[PDB]
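2 protein chains.
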Amino acid sequence: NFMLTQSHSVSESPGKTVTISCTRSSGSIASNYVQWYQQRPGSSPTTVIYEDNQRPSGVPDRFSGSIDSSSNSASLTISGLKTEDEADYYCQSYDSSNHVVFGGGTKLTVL
Amino acid sequence: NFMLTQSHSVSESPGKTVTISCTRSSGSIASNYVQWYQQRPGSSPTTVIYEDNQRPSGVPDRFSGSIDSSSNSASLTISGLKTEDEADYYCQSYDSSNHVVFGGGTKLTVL
Ligand code: NA
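Here you go:
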């Protein structure tokens with residue numbers, strides 16, 4: 001139905017803030033919930049954001065999700081970058097038949 | 001919700017058949033659809049099985065999914081193993097709030 005195009009891999013110093021973006025290619029980004037997963041090297045994906053901006057229990061408030069209707073994108077912002085945040089991040093949403101669509105992933109390196 | 005516990009990583013020769021399993025920790029495996037994703041080295045997850053046993057277009061019939069209610073498990077079988085099948089494989093399902101639950105992943109190494 002569409003693809004989710006994520007922003008380029010980024011490097012950032014500890015304590016800083018980084019924002020990763022996820023652009024839906026057709027149809028409104030606001031038409032289906034966006035989730036964000038963190039996948040640390042060698043590990044499995046875990047939710048950091050679901051329903052656009054909800055944090056699961058145990059995910060700290062340094063993580064926040066947003067939706068920008070004008071750019072048809074979703075964004076994940078991580079402030080207070082810790083070296084434990086070094087991971088590949090994936091945005092994910094659903095098409096009309098409720099099939100999962102994954103973004104292509106963004107690598108975050110903590111300098 | 002529940003956890004999905006995957007079978008151990010496996011190495012197998014080309015042309016052989018491999019089965020990876022995924023056991024749901026509580027509740028009924030059959031109560032929510034199970035999806036399997038292939039994650040090739042350095043790439044994003046792509047669906048190989050959805051809705052327990054459905055292949056997306058372009059996924060070869062070497063891949064098949066099944067559910068075993070008596071062991072509360074799902075299985076992904078890959079016949080005629082190919083070098084291109086070398087990947088981490090993740091099972092995935094949903095809880096009654098529709099929250100996504102991922103398995104911890106199983107690495108398939110093709111010898
Ligand atoms: Na948020």
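The listed protein sequences correspond, in order, to chains A and B.
Take the first sequence: its letter number 50 is residue 50 in the deposited numbering, and every next letter is one higher.
Take the second sequence: its letter number 65 is residue 65 in the deposited numbering, and every next letter is one higher.
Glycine residues also receive a C-beta, built at the ideal position from the N, C-alpha and C atoms.
Neighbour-count burial assignment, A:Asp61, 16 or more Cβ in a 10 Å radius:
Position 61 of the first sequence, counted from the start, is the residue given in the question as residue 61 of chain A. With fewer than 16 Cβ atoms within 10 Å of its Cβ, A:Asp61 is classed as exposed.
*asked:* Quick check: what's the CA-CA separation for B:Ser69 versus B:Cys91?
replied: On the second sequence, position 69 is the one that residue 69 of chain B refers to. On the second sequence, position 91 is the one that residue 91 of chain B refers to. Taking the straight line from one Cα to the other gives about 16 Å.
- Spatial distance of B:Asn32 from A:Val34 (CA atoms): Working through the second sequence from its first residue, we reach residue 32 of chain B at position 32. Working through the first sequence from its first residue, we reach residue 34 of chain A at position 34. Roughly 20 Å separates the two Cα atoms.
Checklist entry - From B:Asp52 to B:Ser66, what does the alpha carbon distance come to, in whole angstroms? => result Here residue 52 of chain B corresponds to residue number 52 of the second sequence, with the count starting at 1. Here residue 66 of chain B corresponds to residue number 66 of the second sequence, with the count starting at 1. Roughly 6 Å separates the two Cα atoms.
Query - Beta bridge counterpart(s) of B:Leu76 as assigned by DSSP - result: Looking up residue 76 of chain B in the second sequence gives position 76. B:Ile20, B:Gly65.
Check your understanding: What residues does ligand 1 have around it, judged by CB closer than 5 Å to any heavy atom, in chain order?
Key -> A:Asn53, A:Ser64, A:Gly65
Assuming B:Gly103 and B:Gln6 form a contact by the criterion Cβ under 8 Å, report the distance between their Cβ atoms to the nearest whole angstrom.
As a working note, residue 103 of chain B is residue 103 in the second sequence. As a working note, residue 6 of chain B is residue 6 in the second sequence. That belief holds up - the Cβ atoms of B:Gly103 and B:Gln6 are roughly 4 Å apart, short of 8 Å.
In three-state terms, what does DSSP make of B:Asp88? Translated into the one-based positions of the second sequence, residue 88 of chain B becomes position 88. The answer is strand: DSSP assigns B:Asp88 an E or B state.
Practice prompt. Give a yes or no on whether the C-beta atoms belonging to A:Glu86 and A:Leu108 are separated by under 8 Å.
Written response: In the first sequence, residue 86 of chain A corresponds to position 86, counting from 1. In the first sequence, residue 108 of chain A corresponds to position 108, counting from 1. In this structure, A:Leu108 lies closer than 8 Å to A:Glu86 by Cβ.
Problem set entry | Strand pairing of A:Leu4, partner residues [DSSP] | Taking the first residue of the first sequence as position 1, residue 4 of chain A is located at position 4. Note: A:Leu4 sits in a beta bridge opposite A:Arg24.
| Going by other Cβ atoms of all chains shown within 10 Å of its Cβ, with 16 needed for buried, is A:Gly105 buried or exposed? | Position 105 of the first sequence holds residue 105 of chain A. With 16 or more Cβ atoms within 10 Å of its Cβ, A:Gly105 is classed as buried.
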